[PDB]
Amino acid sequence: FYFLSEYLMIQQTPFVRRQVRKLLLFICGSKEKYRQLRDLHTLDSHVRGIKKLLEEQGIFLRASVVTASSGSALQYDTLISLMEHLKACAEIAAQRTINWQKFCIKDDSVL
Amino acid sequence: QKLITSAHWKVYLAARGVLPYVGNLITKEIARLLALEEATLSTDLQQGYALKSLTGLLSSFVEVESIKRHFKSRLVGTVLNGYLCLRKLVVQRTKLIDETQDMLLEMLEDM
Amino acid sequence: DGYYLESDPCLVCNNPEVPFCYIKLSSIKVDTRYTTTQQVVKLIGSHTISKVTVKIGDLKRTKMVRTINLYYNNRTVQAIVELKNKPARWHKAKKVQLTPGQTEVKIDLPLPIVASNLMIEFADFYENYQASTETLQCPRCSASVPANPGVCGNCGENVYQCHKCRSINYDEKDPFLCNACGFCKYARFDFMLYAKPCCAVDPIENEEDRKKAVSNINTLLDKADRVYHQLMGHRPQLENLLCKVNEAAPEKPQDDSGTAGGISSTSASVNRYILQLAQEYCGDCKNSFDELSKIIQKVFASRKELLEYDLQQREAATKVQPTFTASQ
Amino acid sequence: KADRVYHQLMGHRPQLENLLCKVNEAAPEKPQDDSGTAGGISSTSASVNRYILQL
Ligand SMILES: [Zn+2]
Ligand SMILES: [Zn+2]
Ligand SMILES: [Zn+2]
């Protein structure tokens with residue numbers, strides 16, 4: 001399931017994704033479950049993306065506490081990528097709320 | 001300033017201890033600005049009117065030779081401290097602050 | 001509405017939540033230059049821009065836009081020509097792709113940009129190839145003209161001249177835009193910026209800009225001092241008007257010989273002290289306070305930019321808290 | 001004709017009284033935007049309280 005979700009996440013595959021989508025929902029057996037797994041993986045991937053993007057800039061998650069070794073302000077492009085990922089998560093949460101709630105009960109830190 | 005325009009009353013007040021009083025007031029005002037320098041960036045139009053006026057009073061008293069002779073050793077320390085603390089100002093530096101710093105520099109050179 | 005006579009204007013009462021608005025780019029351009037693919041514009045002032053809408057009219061199928069790049073910067077320049085051929089001075093805000101024949105493009109920015117200059121680049125095309133080998137027709141005398149050199153042998157007219165400004169591009173015979181006047185024979189472009197008139201200062205790079213920024217801050221502070229005196233200079237006159245109205249004297253309307261001013265019967269009926277107060281405070285005090293508040297906001301932006309630059313330099317020179325929102 | 005004009009004058013009396021009350025309240029009547037086709041009263045003049053204006 002995880003491998004098929006990663007294949008979907010691949011934009012380099014605009015047609016392969018469609019085939020993988022059919023296979024993924026087939027392995028799931030239910031569209032509702034299929035959507036739940038896809039949304040959970042998408043949120044997890046965007047969340048780790050934000051985590052590492054702030055790690056490299058200097059906002060470090062230590063024991064679920066943000067530490068800013070570097071002060072001043074963040075780069076505009078860092079905010080741009082942050083906003084892309086957070087808009088993806090917002091779209092997931094607003095279009096489908098339950099998925100987001102359960103993802104965050106699975107990963108409390110995220111919240 | 002009108003009442004003490006004569007060096008007679010300037011010397012009288014200096015004898016009473018007006019010079020340490022004005023020096024302490026200048027030091028306290030500069031410390032308050034420093035304290036605000038590390039605080040919020042609150043722009044003030046008259047920022048430094050009290051400081052400029054106290055420094056002008058000190059310069060007016062120093063413009064009398066005898067007071068200068070008797071109080072150079074006691075005013076050098078406070079003028080040095082005030083000028084050094086004013087040089088630290090970058091964000092709160094107002095035109096009046098610049099005039100005060102210039103007057104302190106002139107007084108120090110004269111002392 | 002507001003208390004126009006206030007020292008150290010509150011950053012809360014004075015500063016409002018400036019709303020974004022569908023501003024036509026044409027209404028806020030003060031200078032414009034072109035390349036064959038770029039429109040480079042200086043704005044009347046710095047604006048915070050959240051969206052750009054492009055409308056495409058008079059579309060020709062022979063060459064259609066495939067890619068638009070939006071660039072910006074917040075540099076203060078005297079003339080936009082200083083930025084025309086300086087790609088390293090521009091920040092890329094967005095790339096958008098168009099379908100063939102698309103007539104509207106909405107560019108939603110992930111974060112608002114602060115810009116005093118914009119550059120819109122038509123970067124790629126769905127060019128439809130045709131038989132250019134066929135002798136072109138002279139636009140003046142209708143004679144057949146060879147595509148090379150493209151000069152009419154009968155009347156000397158150049159067939160590759162811009163239809164609008166008659167300029168000839170030496171490097172490109174069929175440019176998408178006229179590099180002299182921005183004319184496009186393939187479409188018309190209208191730009192609508194969902195932005196707001198939020199003034200801001202240019203970023204600081206090196207001491208050159210840091211010393212320059214500090215000098216600008218000092219000049220703006222001197223300006224605020226001056227406008228401060230004007231605003232508080234009305235205070236005494238306003239107090240006098242207040243005392244006069246409080247006397248509540250029945251001063252019958254005086255028929256002044258000078259009637260040049262537009263004084264209605266109702267206004268003439270209104271107490272002149274009342275009218276003098278209304279002009280002094282709502283007119284003069286409000287204008288002075290608005291000028292002072294604009295100067296104070298610009299000074300705050302300059303101080304904040306200066307503060308950030310200093311922090312960055314120290315941050316590097318040095319080589320915090322979860323509640324970091326407390327800082328900055 | 002005189003009874004009619006007298007009644008007109010005495011008919012305006014109540015209006016004057018109400019406008020005076022609203023002025024006596026000394027309430028800040030922040031300038032209200034002209035949503036309808038109201039006269040473009042110059043801002044300098046529009047400043048005067050609309051209560052005072054009507055009065
Ligand atoms: Zn306020
Ligand atoms: Zn010809
Ligand atoms: Zn042209």
# chains A, B, ... in the order shown; residues from 1 in each chain; ligands from 1
$ interface_residues --of "chain D" --to "chain C" --cutoff "8 Å" --atoms "only C-alpha atoms" --output "list in words"
residues 30, 31, 43, 44, 45, 47, 48, 52 and 53 of chain D
$ write_last_selection --atoms "N, CA and C atoms" --output "tab-separated table (two decimals), in the first residue's frame"
chain	number	residue	atom	x	y	z
D	30	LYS	N	-20.17	59.77	13.79
D	30	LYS	CA	-19.07	59.57	12.81
D	30	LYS	C	-19.65	59.67	11.39
D	31	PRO	N	-19.04	60.46	10.48
D	31	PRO	CA	-19.60	60.65	9.15
D	31	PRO	C	-20.05	59.34	8.53
D	43	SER	N	-16.33	67.53	2.08
D	43	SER	CA	-15.90	66.89	3.35
D	43	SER	C	-15.74	67.96	4.44
D	44	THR	N	-15.13	69.10	4.10
D	44	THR	CA	-14.89	70.17	5.10
D	44	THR	C	-16.21	70.58	5.72
D	45	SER	N	-17.26	70.71	4.90
D	45	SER	CA	-18.60	71.08	5.41
D	45	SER	C	-19.31	69.83	5.97
D	47	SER	N	-18.28	67.77	7.53
D	47	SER	CA	-17.77	67.52	8.89
D	47	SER	C	-18.85	67.89	9.92
D	48	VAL	N	-19.43	69.07	9.80
D	48	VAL	CA	-20.43	69.53	10.81
D	48	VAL	C	-21.43	68.39	11.06
D	52	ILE	N	-26.57	68.76	13.52
D	52	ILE	CA	-26.41	70.24	13.36
D	52	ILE	C	-26.76	70.59	11.91
D	53	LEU	N	-26.32	69.77	10.95
D	53	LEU	CA	-26.56	70.13	9.52
D	53	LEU	C	-28.07	70.31	9.31
$ residues_near_ligand --ligand "ligand 2" --cutoff "9 Å" --atoms "only C-alpha atoms and all ligand atoms" --output "PDB file with N, CA and C atoms, in the first residue's frame"
ATOM      1  N   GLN C 137       3.522  40.855 -48.310  1.00  0.00           N
ATOM      2  CA  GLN C 137       2.936  42.003 -48.992  1.00  0.00           C
ATOM      3  C   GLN C 137       3.344  43.287 -48.275  1.00  0.00           C
ATOM      4  N   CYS C 138       3.735  44.301 -49.035  1.00  0.00           N
ATOM      5  CA  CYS C 138       4.096  45.592 -48.473  1.00  0.00           C
ATOM      6  C   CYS C 138       2.883  46.243 -47.803  1.00  0.00           C
ATOM      7  N   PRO C 139       2.993  46.655 -46.548  1.00  0.00           N
ATOM      8  CA  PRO C 139       1.862  47.281 -45.848  1.00  0.00           C
ATOM      9  C   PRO C 139       1.504  48.668 -46.375  1.00  0.00           C
ATOM     10  N   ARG C 140       2.364  49.279 -47.181  1.00  0.00           N
ATOM     11  CA  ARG C 140       2.129  50.616 -47.734  1.00  0.00           C
ATOM     12  C   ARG C 140       1.593  50.584 -49.162  1.00  0.00           C
ATOM     13  N   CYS C 141       2.189  49.787 -50.043  1.00  0.00           N
ATOM     14  CA  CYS C 141       1.879  49.808 -51.474  1.00  0.00           C
ATOM     15  C   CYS C 141       1.412  48.462 -52.039  1.00  0.00           C
ATOM     16  N   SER C 142       1.261  47.444 -51.185  1.00  0.00           N
ATOM     17  CA  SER C 142       0.778  46.106 -51.536  1.00  0.00           C
ATOM     18  C   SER C 142       1.665  45.324 -52.508  1.00  0.00           C
ATOM     19  N   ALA C 143       2.851  45.815 -52.847  1.00  0.00           N
ATOM     20  CA  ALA C 143       3.804  45.071 -53.670  1.00  0.00           C
ATOM     21  C   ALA C 143       4.312  43.820 -52.939  1.00  0.00           C
ATOM     22  N   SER C 144       4.692  42.791 -53.693  1.00  0.00           N
ATOM     23  CA  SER C 144       5.329  41.611 -53.131  1.00  0.00           C
ATOM     24  C   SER C 144       6.716  41.948 -52.601  1.00  0.00           C
ATOM     25  N   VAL C 145       7.016  41.500 -51.378  1.00  0.00           N
ATOM     26  CA  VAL C 145       8.294  41.764 -50.713  1.00  0.00           C
ATOM     27  C   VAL C 145       8.931  40.436 -50.312  1.00  0.00           C
ATOM     28  N   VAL C 151      12.480  44.323 -47.154  1.00  0.00           N
ATOM     29  CA  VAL C 151      12.350  45.724 -47.571  1.00  0.00           C
ATOM     30  C   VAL C 151      11.674  45.762 -48.944  1.00  0.00           C
ATOM     31  N   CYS C 152      10.629  46.563 -49.054  1.00  0.00           N
ATOM     32  CA  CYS C 152       9.905  46.721 -50.309  1.00  0.00           C
ATOM     33  C   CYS C 152      10.786  47.385 -51.365  1.00  0.00           C
ATOM     34  N   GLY C 153      10.987  46.721 -52.496  1.00  0.00           N
ATOM     35  CA  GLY C 153      11.774  47.281 -53.595  1.00  0.00           C
ATOM     36  C   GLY C 153      11.113  48.455 -54.310  1.00  0.00           C
ATOM     37  N   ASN C 154       9.813  48.652 -54.092  1.00  0.00           N
ATOM     38  CA  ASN C 154       9.063  49.725 -54.744  1.00  0.00           C
ATOM     39  C   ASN C 154       9.056  51.023 -53.917  1.00  0.00           C
ATOM     40  N   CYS C 155       8.817  50.929 -52.609  1.00  0.00           N
ATOM     41  CA  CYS C 155       8.667  52.116 -51.762  1.00  0.00           C
ATOM     42  C   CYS C 155       9.617  52.175 -50.567  1.00  0.00           C
ATOM     43  N   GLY C 156      10.473  51.173 -50.373  1.00  0.00           N
ATOM     44  CA  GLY C 156      11.444  51.139 -49.286  1.00  0.00           C
ATOM     45  C   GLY C 156      10.878  50.792 -47.913  1.00  0.00           C
ATOM     46  N   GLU C 157       9.591  50.500 -47.808  1.00  0.00           N
ATOM     47  CA  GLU C 157       8.973  50.155 -46.521  1.00  0.00           C
ATOM     48  C   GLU C 157       9.501  48.818 -46.002  1.00  0.00           C
ATOM     49  N   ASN C 158       9.785  48.755 -44.716  1.00  0.00           N
ATOM     50  CA  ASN C 158      10.177  47.510 -44.070  1.00  0.00           C
ATOM     51  C   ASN C 158       8.927  46.776 -43.568  1.00  0.00           C
ATOM     52  N   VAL C 159       8.722  45.548 -44.030  1.00  0.00           N
ATOM     53  CA  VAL C 159       7.514  44.779 -43.689  1.00  0.00           C
ATOM     54  C   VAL C 159       7.518  44.256 -42.252  1.00  0.00           C
TER      55      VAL C 159
END
$ atom_distance --atom1 "atom CA of residue 111 of chain C" --atom2 "atom CA of residue 49 of chain C"
8.8 Å
$ residues_around --residues "segment 295-306 of chain C" --least-positions-apart "6" --cutoff "7 Å" --atoms "only C-alpha atoms" --output "list in words"
residues 91 of chain B; 199, 200, 201, 203, 217, 220, 221 and 224 of chain C
$ atom_distance --atom1 "atom CA of residue 122 of chain C" --atom2 "atom CA of residue 58 of chain C"
16.3 Å
$ atom_distance --atom1 "atom CA of residue 95 of chain A" --atom2 "atom CA of residue 35 of chain A"
11.5 Å
$ interface_residues --of "chain C" --to "chain A" --cutoff "7 Å" --atoms "only C-alpha atoms" --output "count of residues only"
10
$ residues_near_ligand --ligand "ligand 1" --cutoff "12 Å" --atoms "only C-alpha atoms and all ligand atoms" --output "JSON, numbers by chain"
{"C": [2, 3, 4, 5, 6, 7, 8, 9, 10, 11, 12, 13, 14, 15, 16, 293]}
$ write_last_selection --atoms "N, CA, C and O atoms" --output "PDB file, in the first residue's frame"
ATOM      1  N   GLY C   2     -11.290  59.587  13.296  1.00  0.00           N
ATOM      2  CA  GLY C   2     -10.106  59.373  14.093  1.00  0.00           C
ATOM      3  C   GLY C   2      -9.713  60.610  14.879  1.00  0.00           C
ATOM      4  O   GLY C   2     -10.185  61.722  14.647  1.00  0.00           O
ATOM      5  N   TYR C   3      -8.892  60.380  15.910  1.00  0.00           N
ATOM      6  CA  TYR C   3      -8.384  61.507  16.728  1.00  0.00           C
ATOM      7  C   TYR C   3      -7.111  62.003  16.048  1.00  0.00           C
ATOM      8  O   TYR C   3      -6.065  61.340  16.186  1.00  0.00           O
ATOM      9  N   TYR C   4      -7.227  63.053  15.265  1.00  0.00           N
ATOM     10  CA  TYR C   4      -6.109  63.449  14.394  1.00  0.00           C
ATOM     11  C   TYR C   4      -4.951  64.081  15.152  1.00  0.00           C
ATOM     12  O   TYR C   4      -3.841  64.053  14.581  1.00  0.00           O
ATOM     13  N   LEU C   5      -5.191  64.590  16.362  1.00  0.00           N
ATOM     14  CA  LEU C   5      -4.125  65.273  17.146  1.00  0.00           C
ATOM     15  C   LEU C   5      -3.626  64.331  18.247  1.00  0.00           C
ATOM     16  O   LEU C   5      -4.054  64.497  19.406  1.00  0.00           O
ATOM     17  N   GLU C   6      -2.778  63.359  17.897  1.00  0.00           N
ATOM     18  CA  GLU C   6      -2.320  62.367  18.910  1.00  0.00           C
ATOM     19  C   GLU C   6      -0.808  62.160  18.795  1.00  0.00           C
ATOM     20  O   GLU C   6      -0.337  61.838  17.684  1.00  0.00           O
ATOM     21  N   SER C   7      -0.079  62.330  19.904  1.00  0.00           N
ATOM     22  CA  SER C   7       1.389  62.106  19.908  1.00  0.00           C
ATOM     23  C   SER C   7       1.678  60.603  19.815  1.00  0.00           C
ATOM     24  O   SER C   7       0.864  59.817  20.344  1.00  0.00           O
ATOM     25  N   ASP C   8       2.790  60.230  19.172  1.00  0.00           N
ATOM     26  CA  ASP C   8       3.156  58.793  19.025  1.00  0.00           C
ATOM     27  C   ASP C   8       1.913  57.992  18.633  1.00  0.00           C
ATOM     28  O   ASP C   8       1.485  57.133  19.433  1.00  0.00           O
ATOM     29  N   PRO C   9       1.306  58.288  17.450  1.00  0.00           N
ATOM     30  CA  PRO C   9       0.060  57.652  17.023  1.00  0.00           C
ATOM     31  C   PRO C   9       0.063  56.156  17.327  1.00  0.00           C
ATOM     32  O   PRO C   9       1.029  55.480  17.010  1.00  0.00           O
ATOM     33  N   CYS C  10      -1.032  55.688  17.913  1.00  0.00           N
ATOM     34  CA  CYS C  10      -1.099  54.260  18.285  1.00  0.00           C
ATOM     35  C   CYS C  10      -0.886  53.385  17.049  1.00  0.00           C
ATOM     36  O   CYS C  10      -1.519  53.667  16.012  1.00  0.00           O
ATOM     37  N   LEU C  11      -0.046  52.354  17.166  1.00  0.00           N
ATOM     38  CA  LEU C  11       0.161  51.409  16.036  1.00  0.00           C
ATOM     39  C   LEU C  11      -1.094  50.544  15.895  1.00  0.00           C
ATOM     40  O   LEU C  11      -1.169  49.764  14.928  1.00  0.00           O
ATOM     41  N   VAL C  12      -2.035  50.669  16.839  1.00  0.00           N
ATOM     42  CA  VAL C  12      -3.314  49.906  16.757  1.00  0.00           C
ATOM     43  C   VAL C  12      -4.400  50.803  16.154  1.00  0.00           C
ATOM     44  O   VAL C  12      -4.926  50.434  15.085  1.00  0.00           O
ATOM     45  N   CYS C  13      -4.728  51.931  16.799  1.00  0.00           N
ATOM     46  CA  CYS C  13      -5.850  52.748  16.267  1.00  0.00           C
ATOM     47  C   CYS C  13      -5.509  53.196  14.843  1.00  0.00           C
ATOM     48  O   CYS C  13      -6.358  53.010  13.951  1.00  0.00           O
ATOM     49  N   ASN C  14      -4.314  53.760  14.642  1.00  0.00           N
ATOM     50  CA  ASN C  14      -3.945  54.326  13.313  1.00  0.00           C
ATOM     51  C   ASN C  14      -3.816  53.230  12.252  1.00  0.00           C
ATOM     52  O   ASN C  14      -4.449  53.379  11.190  1.00  0.00           O
ATOM     53  N   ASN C  15      -3.035  52.178  12.518  1.00  0.00           N
ATOM     54  CA  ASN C  15      -2.784  51.143  11.477  1.00  0.00           C
ATOM     55  C   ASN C  15      -4.065  50.340  11.224  1.00  0.00           C
ATOM     56  O   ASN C  15      -4.525  49.654  12.156  1.00  0.00           O
ATOM     57  N   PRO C  16      -4.705  50.392  10.029  1.00  0.00           N
ATOM     58  CA  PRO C  16      -5.883  49.573   9.760  1.00  0.00           C
ATOM     59  C   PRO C  16      -5.541  48.260   9.045  1.00  0.00           C
ATOM     60  O   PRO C  16      -4.400  48.091   8.646  1.00  0.00           O
ATOM     61  N   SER C 293       1.220  59.992   9.873  1.00  0.00           N
ATOM     62  CA  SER C 293       1.056  58.557  10.050  1.00  0.00           C
ATOM     63  C   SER C 293       1.703  57.785   8.911  1.00  0.00           C
ATOM     64  O   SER C 293       2.306  56.729   9.131  1.00  0.00           O
TER      65      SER C 293
END
$ select_by_dssp --residues "chain D" --states "helix (DSSP H, G or I)" --output "PyMOL selection string"
chain D and resi 2-24+43-46+50-54
$ closest_residue --among "C:147, C:96, C:178, C:107" --to "ligand 3" --atoms "only C-alpha atoms and all ligand atoms"
C:178
$ residues_around --residues "segment 24-41 of chain B" --least-positions-apart "5" --cutoff "8 Å" --atoms "only C-alpha atoms" --output "PyMOL selection string"
(chain B and resi 50-51+54-55+78+81-82+85-86+88-89+91-92) or (chain C and resi 300+303-304)
$ residues_around --residues "segment 72-79 of chain C" --least-positions-apart "6" --cutoff "12 Å" --atoms "only C-alpha atoms" --output "JSON, numbers by chain"
{"C": [29, 30, 31, 32, 33, 39, 40, 41, 42, 43, 44, 45, 46, 47, 48, 49, 52, 86, 87, 88, 89, 90, 91, 92, 93, 94, 112, 113, 114, 115, 116, 117, 118, 119, 120, 121, 198, 199, 200, 201, 202, 203, 204, 205, 209, 213, 216]}
$ residues_around --residues "segment 63-69 of chain B" --least-positions-apart "4" --cutoff "7 Å" --atoms "only C-alpha atoms" --output "VMD selection string"
chain B and resid 7 11 14 59
$ residues_near_ligand --ligand "ligand 3" --cutoff "7 Å" --atoms "only C-alpha atoms and all ligand atoms" --output "ChimeraX atom specification"
/C:162-167,178-183
$ closest_residue --among "A:33, A:96, A:85, A:17" --to "residue 45 of chain A" --atoms "only C-alpha atoms"
A:85
$ decode --residues "chain D" --atoms "C-alpha atoms" --output "PDB file, in the first residue's frame"
ATOM      1  CA  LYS D   1     -53.235  81.709   3.688  1.00  0.00           C
ATOM      2  CA  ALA D   2     -51.813  82.959   7.002  1.00  0.00           C
ATOM      3  CA  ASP D   3     -53.254  80.153   9.104  1.00  0.00           C
ATOM      4  CA  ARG D   4     -51.695  77.795   6.555  1.00  0.00           C
ATOM      5  CA  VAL D   5     -48.185  79.376   6.753  1.00  0.00           C
ATOM      6  CA  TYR D   6     -48.451  79.559  10.574  1.00  0.00           C
ATOM      7  CA  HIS D   7     -49.246  75.893  10.682  1.00  0.00           C
ATOM      8  CA  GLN D   8     -46.229  75.258   8.400  1.00  0.00           C
ATOM      9  CA  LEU D   9     -43.962  77.196  10.835  1.00  0.00           C
ATOM     10  CA  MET D  10     -45.519  75.476  13.911  1.00  0.00           C
ATOM     11  CA  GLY D  11     -45.286  72.177  11.944  1.00  0.00           C
ATOM     12  CA  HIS D  12     -41.480  72.627  11.731  1.00  0.00           C
ATOM     13  CA  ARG D  13     -41.378  73.355  15.513  1.00  0.00           C
ATOM     14  CA  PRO D  14     -41.429  69.625  16.568  1.00  0.00           C
ATOM     15  CA  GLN D  15     -38.682  68.781  14.050  1.00  0.00           C
ATOM     16  CA  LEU D  16     -36.485  71.577  15.459  1.00  0.00           C
ATOM     17  CA  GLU D  17     -37.109  70.193  18.985  1.00  0.00           C
ATOM     18  CA  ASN D  18     -36.075  66.603  18.050  1.00  0.00           C
ATOM     19  CA  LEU D  19     -32.988  67.758  16.159  1.00  0.00           C
ATOM     20  CA  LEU D  20     -32.026  69.891  19.195  1.00  0.00           C
ATOM     21  CA  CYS D  21     -32.431  66.874  21.518  1.00  0.00           C
ATOM     22  CA  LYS D  22     -30.183  64.760  19.277  1.00  0.00           C
ATOM     23  CA  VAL D  23     -27.615  67.635  19.279  1.00  0.00           C
ATOM     24  CA  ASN D  24     -27.997  67.989  23.110  1.00  0.00           C
ATOM     25  CA  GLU D  25     -26.952  64.292  23.395  1.00  0.00           C
ATOM     26  CA  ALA D  26     -23.557  65.474  21.992  1.00  0.00           C
ATOM     27  CA  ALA D  27     -23.219  61.964  20.479  1.00  0.00           C
ATOM     28  CA  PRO D  28     -20.292  61.447  18.042  1.00  0.00           C
ATOM     29  CA  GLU D  29     -22.121  60.961  14.712  1.00  0.00           C
ATOM     30  CA  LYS D  30     -19.075  59.568  12.812  1.00  0.00           C
ATOM     31  CA  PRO D  31     -19.600  60.652   9.151  1.00  0.00           C
ATOM     32  CA  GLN D  32     -21.878  58.043   7.509  1.00  0.00           C
ATOM     33  CA  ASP D  33     -20.974  57.042   3.894  1.00  0.00           C
ATOM     34  CA  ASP D  34     -23.510  58.160   1.218  1.00  0.00           C
ATOM     35  CA  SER D  35     -24.870  54.674   0.313  1.00  0.00           C
ATOM     36  CA  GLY D  36     -27.728  56.351  -1.631  1.00  0.00           C
ATOM     37  CA  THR D  37     -27.499  59.254  -4.121  1.00  0.00           C
ATOM     38  CA  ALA D  38     -26.923  61.788  -1.305  1.00  0.00           C
ATOM     39  CA  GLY D  39     -25.418  65.223  -2.109  1.00  0.00           C
ATOM     40  CA  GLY D  40     -21.600  65.196  -2.367  1.00  0.00           C
ATOM     41  CA  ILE D  41     -21.481  67.638   0.602  1.00  0.00           C
ATOM     42  CA  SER D  42     -17.822  68.858   0.650  1.00  0.00           C
ATOM     43  CA  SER D  43     -15.898  66.895   3.352  1.00  0.00           C
ATOM     44  CA  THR D  44     -14.892  70.173   5.098  1.00  0.00           C
ATOM     45  CA  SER D  45     -18.603  71.077   5.415  1.00  0.00           C
ATOM     46  CA  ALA D  46     -19.848  67.459   5.739  1.00  0.00           C
ATOM     47  CA  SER D  47     -17.766  67.517   8.894  1.00  0.00           C
ATOM     48  CA  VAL D  48     -20.426  69.525  10.806  1.00  0.00           C
ATOM     49  CA  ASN D  49     -22.683  67.053  12.675  1.00  0.00           C
ATOM     50  CA  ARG D  50     -25.502  65.844  10.389  1.00  0.00           C
ATOM     51  CA  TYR D  51     -27.772  66.660  13.376  1.00  0.00           C
ATOM     52  CA  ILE D  52     -26.411  70.235  13.362  1.00  0.00           C
ATOM     53  CA  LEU D  53     -26.558  70.132   9.523  1.00  0.00           C
ATOM     54  CA  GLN D  54     -30.328  69.319   9.406  1.00  0.00           C
ATOM     55  CA  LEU D  55     -31.007  71.813  12.245  1.00  0.00           C
TER      56      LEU D  55
END
